[PDB]
Each structure stands twice: as C-alpha cells, then as structure tokens.
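Trainee: Here you go, one structure.
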Number of protein chains: 2
Amino acid sequence: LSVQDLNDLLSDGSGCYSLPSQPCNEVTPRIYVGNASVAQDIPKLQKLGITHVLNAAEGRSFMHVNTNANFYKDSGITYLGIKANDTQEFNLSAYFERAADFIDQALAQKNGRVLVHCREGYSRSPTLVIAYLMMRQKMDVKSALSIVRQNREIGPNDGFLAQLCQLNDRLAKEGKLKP
Amino acid sequence: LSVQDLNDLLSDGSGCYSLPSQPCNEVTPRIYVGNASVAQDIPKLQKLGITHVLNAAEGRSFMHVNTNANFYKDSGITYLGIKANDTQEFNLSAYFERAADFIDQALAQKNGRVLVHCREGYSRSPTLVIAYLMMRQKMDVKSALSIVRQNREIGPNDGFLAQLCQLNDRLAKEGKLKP
C-alpha cells in the first residue's frame, strides 16, 4: 500500500510526524509553504518578495484562515482562495488543476513568488504544491513528497496522500513523469 | 448591500465561485445536498440511509431533474418535487415553508435523513436548506450560509440570496433568530 509507503517517508520512527519548525519555508525555488500567521503578515510577505498567495484553508472556522482578496488589496499581491477542509473525505483533487494553474500563473514570470498556505502549512497546502510538482514539473509523488518534506515538516492526511497516489498513477500511465 | 456581503463569503477572491468537489455532501447533521446523478442513484441513497428526497429542480429540461414519486416507488424513500428554475426571477421563497416542513417531516424522526438536491446541488437546493436552517434551527442567514458553504461548494443566485435576506429580516424582527 502506497499511502503507507508515503507515510513511512514522513514519520519519525516513533509512530509520529515532526511539526513545522518555522512558520514558512521555500520548499522548491520560488514556492513557499506556510501557516496562517505568515499569510496574515503582509510586511513579511513583501520582504520575501511574494507576488501571489493561494489560501488552501479559506474559511471562517478555527481550522481555516479568514482572509480574502480585500485583505490583500493594494499590497500588490494576487490572491486565490480554496475553502478546503483537512479531512480524508475532502476531495482536494478537484482543485489540483485550479491550484497548479495558479502556481504556474506566478512562476511563469521570472520574478513571481507564490505562498501556498493553510492553517498550519502541514496538510492542505503541501498537498497542492506536491500535485503541482507532479503535474507541471514531472516529478513522481515519492520524489515530489520527498523534496517538500526535506524543506518543511509536512503530514498530508491519508485521504490526500491517496489522492496523490491516484494522480501519480494517471500521470505515470499517460507518460508525463520523469524516470 | 447584503447580497454582496453574502457573495463575498462565497467567492474565491478572483471574482469566481468554486464548484462542488463531490456529487453529495452532508451539510448539517442528517441533511445532504447533492446533484442530479446522486438523486438518480438509488443504491447509493440506500447506503447513505436516505429516507426522504426533496427534488428542488423537478422538471423536463436540461436544467431540471426528471424524477417523480414512481422513480422511488418501493425503494422506501419518500419523495417531494419542486419545479424550480435557477433564475433571479423565480420566487423560491414561496416554497420555503413547504420545503422546511418536508425537511422537518424527515428530521423529526431520529433515523430520518434527507437529500435536498437540484441539478448541480449549487443554487436551488442550498437555498432551501439555508432557509430551513433559518426558519427551524434559528440560524441567521450569514451563519446558515456559512456552515453550508463550509461543507459544500455552493452559489445561490443573487435573486435567491435576496429572498434569503428578506427572510432573515422577517425572522430577526419577529425575534426568531439566535444572537
């Protein structure tokens, strides 16, 4: 089972998963993954040179980040929100294309820098960045998950990991992954 | 303007509204909102334990769901249809009482579970469930709309939102809403 294999890569050997040691990390060039506090710190975002913010936890609960376009108005940062829940039931894969297109909107300019964040930068946002790496940068899920994890403590839920495995299957068979 | 405020809660920050990521969601306990395909999948309905189905898009066009009582005969599911059109002109509020009474017919039994569906589970059915939450569960429109949206991508048309605001006004003034 592929989800167990992905989990094995993420875990600390004690049955546990390390938590983010910083609020924000550049996980791959010009892509940052972070938490709610960094998303809400516009001066920090500006110093980092962030041009685009994808809120993958948009919403009103204690597990969401209650930002919107207007929060970023006249900061010059371009905003998109995805109202995802961090549950095995939430079909985040329905957003993989939407998110990859947004990341690529940012990166296809040479000065673009994108923050993909959620509440903790741990499950929802890392899933989207991993899917993007697979879909746009031709990384297999293990490679993509591994490079992100090396640069930030992450733990996508098992539902999200299974969605990434299904994605990997499709890209593999379609001949869209680097060997 | 109250409709704009409701829209702001629903939108993704790019001037757009996310579409349903699944065919069916339990939006509040024992109330499901879904599309035409789930309404027409009786074995799925049975596995979910659905006892009641409110078709809020009953009719014969490509924007309606052409089901009827006979479609559910001997499935043991109790059916009601409302031939609503998804337009700002359609007076869905004329059905708010009819629909709330049906939802409450289902929920007033402890094993009842109701699917309120339309063509996409996006505008007509979410409006009825929101009105029900306001009228029967004492939720203000913002609270009701927000809990539904957290559990399913929805976008009631502006006419429907205005009908919900008028409803909220009346319930507020009559002292029928939780502070």
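The chains in the structure tokens are called A, B, ... from first to last as shown; in each chain the residues are counted from 1, and the ligands are counted from 1 in the order shown.
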How close does each residue of range 9-125 of chain B get to range 139-162 of chain B, giving the shortest atom pair and distance in Å to one decimal for every residue with an atom at most 12 Å away, counting only C-alpha atoms, sorted by chain and residue number, as a Markdown table?
Mentor:
| residue | atom | partner | partner_atom | distance |
| --- | --- | --- | --- | --- |
| B:9 | CA | B:146 | CA | 7.3 |
| B:10 | CA | B:155 | CA | 6.8 |
| B:11 | CA | B:155 | CA | 8.5 |
| B:12 | CA | B:153 | CA | 10.6 |
| B:16 | CA | B:155 | CA | 9.9 |
| B:17 | CA | B:155 | CA | 6.8 |
| B:18 | CA | B:153 | CA | 5.9 |
| B:19 | CA | B:153 | CA | 5.5 |
| B:20 | CA | B:153 | CA | 4.7 |
| B:21 | CA | B:153 | CA | 7.1 |
| B:22 | CA | B:152 | CA | 8.1 |
| B:23 | CA | B:152 | CA | 9.6 |
| B:24 | CA | B:152 | CA | 8.2 |
| B:25 | CA | B:152 | CA | 6.2 |
| B:26 | CA | B:151 | CA | 7.1 |
| B:27 | CA | B:151 | CA | 5.1 |
| B:28 | CA | B:148 | CA | 7.1 |
| B:29 | CA | B:148 | CA | 10.9 |
| B:31 | CA | B:148 | CA | 10.1 |
| B:32 | CA | B:152 | CA | 9.6 |
| B:33 | CA | B:152 | CA | 7.9 |
| B:34 | CA | B:152 | CA | 9.0 |
| B:35 | CA | B:154 | CA | 11.5 |
| B:84 | CA | B:160 | CA | 11.3 |
| B:85 | CA | B:157 | CA | 10.7 |
| B:86 | CA | B:157 | CA | 7.2 |
| B:87 | CA | B:157 | CA | 6.8 |
| B:88 | CA | B:159 | CA | 3.9 |
| B:89 | CA | B:159 | CA | 6.6 |
| B:90 | CA | B:159 | CA | 7.8 |
| B:91 | CA | B:160 | CA | 8.0 |
| B:92 | CA | B:160 | CA | 7.0 |
| B:93 | CA | B:160 | CA | 7.9 |
| B:94 | CA | B:160 | CA | 11.3 |
| B:95 | CA | B:160 | CA | 11.7 |
| B:96 | CA | B:160 | CA | 11.1 |
| B:117 | CA | B:154 | CA | 11.9 |
| B:118 | CA | B:156 | CA | 11.6 |
| B:120 | CA | B:154 | CA | 9.2 |
| B:121 | CA | B:154 | CA | 7.3 |
| B:122 | CA | B:154 | CA | 4.5 |
| B:123 | CA | B:156 | CA | 3.7 |
| B:124 | CA | B:156 | CA | 6.6 |
| B:125 | CA | B:156 | CA | 8.6 |
Trainee: Taking the DSSP assignment computed from this structure's backbone, write out as a list in words all residues of range 41-108 of chain A that belong to strand (DSSP E).
Mentor: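 Selection result, strand (DSSP E) within range 41-108 of chain A: residues 52, 53, 54, 55, 78, 79, 80 and 81 of chain A.
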Trainee: Provide as a PyMOL selection string the residues of chain A at most 12 Å from chain B, counting only C-alpha atoms.
Mentor: chain A and resi 52-61+63-64+66-73+77-87+89-96+98-99+102
Trainee: Since we have the selection now, will you write its residues out, keeping N, CA and C atoms, as a compact mmCIF listing (two decimals), in the first residue's frame?
Mentor:
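Once everything was written out, this is result-v1.txt:
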# COMPACT_ATOMS: atom_id res chain seq x y z
N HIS A 52 2.10 36.29 -5.13
CA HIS A 52 0.86 35.51 -5.23
C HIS A 52 0.65 34.72 -3.94
N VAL A 53 -0.60 34.67 -3.50
CA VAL A 53 -0.96 33.90 -2.30
C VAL A 53 -2.17 33.04 -2.64
N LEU A 54 -1.99 31.73 -2.46
CA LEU A 54 -3.03 30.71 -2.57
C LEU A 54 -3.37 30.28 -1.15
N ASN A 55 -4.54 30.70 -0.67
CA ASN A 55 -5.06 30.26 0.62
C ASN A 55 -5.83 28.96 0.44
N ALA A 56 -5.22 27.84 0.86
CA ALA A 56 -5.82 26.50 0.74
C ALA A 56 -6.62 26.11 1.98
N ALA A 57 -6.87 27.08 2.87
CA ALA A 57 -7.72 26.85 4.03
C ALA A 57 -8.71 27.99 4.23
N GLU A 58 -9.22 28.53 3.12
CA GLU A 58 -10.06 29.72 3.20
C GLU A 58 -11.36 29.41 3.93
N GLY A 59 -11.76 30.26 4.85
CA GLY A 59 -12.99 29.99 5.60
C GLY A 59 -13.04 30.65 6.95
N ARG A 60 -14.05 30.30 7.74
CA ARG A 60 -14.38 31.04 8.97
C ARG A 60 -14.17 30.23 10.28
N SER A 61 -13.80 28.96 10.19
CA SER A 61 -13.58 28.16 11.42
C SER A 61 -12.16 28.27 12.01
N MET A 63 -10.14 26.09 12.08
CA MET A 63 -9.24 25.32 11.19
C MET A 63 -9.09 25.98 9.80
N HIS A 64 -9.59 27.19 9.68
CA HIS A 64 -9.49 27.93 8.42
C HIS A 64 -8.79 29.26 8.63
N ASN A 66 -9.32 33.14 7.62
CA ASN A 66 -10.40 34.05 7.20
C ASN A 66 -9.89 35.28 6.46
N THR A 67 -9.11 35.04 5.41
CA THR A 67 -8.65 36.10 4.52
C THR A 67 -9.48 36.08 3.24
N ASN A 68 -9.20 37.04 2.37
CA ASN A 68 -9.97 37.29 1.17
C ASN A 68 -9.17 38.24 0.29
N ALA A 69 -9.67 38.52 -0.91
CA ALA A 69 -8.98 39.41 -1.86
C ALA A 69 -8.74 40.79 -1.26
N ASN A 70 -9.76 41.31 -0.59
CA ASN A 70 -9.72 42.63 0.03
C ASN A 70 -8.63 42.79 1.09
N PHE A 71 -8.32 41.72 1.81
CA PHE A 71 -7.19 41.72 2.75
C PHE A 71 -5.88 42.08 2.05
N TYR A 72 -5.74 41.65 0.80
CA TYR A 72 -4.53 41.93 0.04
C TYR A 72 -4.64 43.13 -0.91
N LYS A 73 -5.77 43.82 -0.89
CA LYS A 73 -5.97 44.94 -1.83
C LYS A 73 -4.90 46.02 -1.59
N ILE A 77 -0.34 42.05 -4.03
CA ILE A 77 -0.28 40.59 -4.04
C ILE A 77 -1.57 40.07 -4.63
N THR A 78 -1.45 39.10 -5.54
CA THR A 78 -2.58 38.49 -6.22
C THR A 78 -3.05 37.29 -5.39
N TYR A 79 -4.35 37.24 -5.11
CA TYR A 79 -4.93 36.25 -4.18
C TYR A 79 -5.89 35.25 -4.84
N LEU A 80 -5.79 33.98 -4.44
CA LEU A 80 -6.85 32.99 -4.69
C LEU A 80 -7.13 32.19 -3.42
N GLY A 81 -8.41 31.92 -3.15
CA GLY A 81 -8.78 31.08 -2.00
C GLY A 81 -9.43 29.76 -2.42
N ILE A 82 -9.14 28.72 -1.65
CA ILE A 82 -9.75 27.39 -1.81
C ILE A 82 -10.23 27.03 -0.40
N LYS A 83 -11.54 26.84 -0.25
CA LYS A 83 -12.16 26.56 1.06
C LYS A 83 -12.07 25.05 1.36
N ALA A 84 -10.85 24.56 1.57
CA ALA A 84 -10.66 23.14 1.82
C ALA A 84 -10.73 22.81 3.31
N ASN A 85 -11.28 21.64 3.62
CA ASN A 85 -11.19 21.08 4.96
C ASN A 85 -10.10 20.03 5.01
N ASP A 86 -9.37 19.98 6.13
CA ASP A 86 -8.32 18.95 6.29
C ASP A 86 -8.91 17.62 6.78
N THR A 87 -9.63 16.93 5.90
CA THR A 87 -10.22 15.62 6.22
C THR A 87 -9.99 14.66 5.09
N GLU A 89 -12.04 12.94 3.77
CA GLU A 89 -13.21 12.98 2.91
C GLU A 89 -13.20 14.13 1.90
N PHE A 90 -12.39 15.16 2.15
CA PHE A 90 -12.43 16.34 1.33
C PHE A 90 -11.73 16.01 0.03
N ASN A 91 -12.44 16.22 -1.08
CA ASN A 91 -11.88 15.95 -2.39
C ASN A 91 -10.98 17.07 -2.90
N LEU A 92 -9.80 17.19 -2.30
CA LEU A 92 -8.84 18.24 -2.71
C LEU A 92 -8.39 18.07 -4.17
N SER A 93 -8.42 16.83 -4.66
CA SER A 93 -8.01 16.60 -6.05
C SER A 93 -8.84 17.38 -7.09
N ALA A 94 -10.09 17.70 -6.76
CA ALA A 94 -10.93 18.54 -7.62
C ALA A 94 -10.30 19.92 -7.87
N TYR A 95 -9.33 20.29 -7.02
CA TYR A 95 -8.66 21.61 -7.06
C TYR A 95 -7.23 21.55 -7.60
N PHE A 96 -6.75 20.35 -7.90
CA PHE A 96 -5.33 20.21 -8.30
C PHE A 96 -5.03 21.04 -9.54
N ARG A 98 -6.84 23.72 -10.88
CA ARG A 98 -7.06 25.10 -10.41
C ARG A 98 -5.77 25.63 -9.69
N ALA A 99 -5.28 24.90 -8.68
CA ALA A 99 -4.06 25.28 -7.95
C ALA A 99 -2.77 25.30 -8.81
N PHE A 102 -2.71 28.30 -10.97
CA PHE A 102 -2.38 29.49 -10.19
C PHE A 102 -0.87 29.57 -9.90
Trainee: For the atom pair CA of residue 48 in chain B and CA of residue 104 in chain B, what is the interatomic distance in Å to one decimal place?
Mentor: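 About the pair CA of residue 48 in chain B and CA of residue 104 in chain B: they are 18.5 Å apart.
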